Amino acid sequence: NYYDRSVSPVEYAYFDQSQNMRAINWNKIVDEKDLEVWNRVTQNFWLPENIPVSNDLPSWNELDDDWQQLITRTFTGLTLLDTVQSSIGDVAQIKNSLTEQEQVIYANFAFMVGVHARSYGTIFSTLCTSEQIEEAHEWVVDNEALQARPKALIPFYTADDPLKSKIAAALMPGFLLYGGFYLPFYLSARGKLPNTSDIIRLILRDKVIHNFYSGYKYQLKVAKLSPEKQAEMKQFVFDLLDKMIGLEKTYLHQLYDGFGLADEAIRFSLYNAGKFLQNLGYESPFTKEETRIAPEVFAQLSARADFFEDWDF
């Protein structure tokens, strides 16, 4: 059997030059879950140009300079995290893949998170002045609390522990941006920037699968380790999430200073922290109370949460 006496190129490149290389086999698939995820993320391809946000100009122009600045800062901060995940995080996953199709899926993820980053530019181009855009870039560069978050995750991507790299790859789309995603849903619940939140919904439709997929691959690898090493990895996940939750709270209290959104944004963050843990196969320790946000805001994320051919029969 050719497959068991050959390596994928990326295995050959980084880990084992002792064997010849096999072309990807899309005809004989090891894991059907790979085909399910590939078909969905590629069929869900989108570009921000096809969501015109010029219809947001009226509601945007009614916001004062402070709220406009908050939106530009929040979104430039999200742009940084997407830039980290597209240029480092998702491409770093390719060489640590369990299957051939996983290598291509993470190439899709790296591209689509680039599209996520690029979409904030499309919003700024329509709504923001050159001064608002450049001020937001300076603020992101000079914000230590903001910078601490990606600085904590990047080392796992460049180090040689593939499981810790995978956890970081899940935590980015599963948790770290939701504190910022609160803002567009807060605004669109008040009829403000409704088209901008359509871009956010298309981003979440990608990120939910990215988190799920990295979580699913994490579980297949840890399940093979000894119970002792499985326990060690669980402790590492909870210790890292604790640290990241700490850094996120510090950042959101500064970001939302004088707007009063920090409390709700942090509860939305912890809601997503709970879903990060579940998609790693760990129970959420957060109460429904602890992760609660206002109903009108949650309805902007999902109205289905509730007012705000083979079938033979």
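Position 1 is the first residue in the sequence shown; the rest follow in order.
In all of the other compared structures of this protein with flanking residues present, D310 is modelled, so it falls below the one-third mark for missing coordinates.
In terms of unmodelled positions of the deposited sequence, the stretch from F308 to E309 in this entry skips 10 or more residues. Coordinates are lacking for 4 to 9 deposited residues between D306 and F307. Checked against the record, the higher mean CA B factor of 24-32 and 284-292 lies with 284-292. For the pair 248-256 and 37-45, the mean B factor over Cα atoms is greater in 248-256.
Between the residues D239, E100, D198, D90, it is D239 that shows the highest Cα B-factor in the PDB record. Looking only at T83, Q235, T122, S214, the residue with the top Cα B factor in the deposited structure is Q235. Sort the modelled residues of the chain by CA B factor and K229 lands in the highest third.
Among the modelled residues of its chain, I94 has a C-alpha B-factor that falls in the lowest third according to the deposited record.
Remark: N108 belongs to the lowest third of its chain, ranked by C-alpha B-factor as recorded.
Placement of the Cα temperature factor of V222 within the chain: highest third of the modelled residues, per the deposited record. Among all modelled residues in this chain, the alpha-carbon of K164 has a temperature factor (C-alpha) in the middle third.
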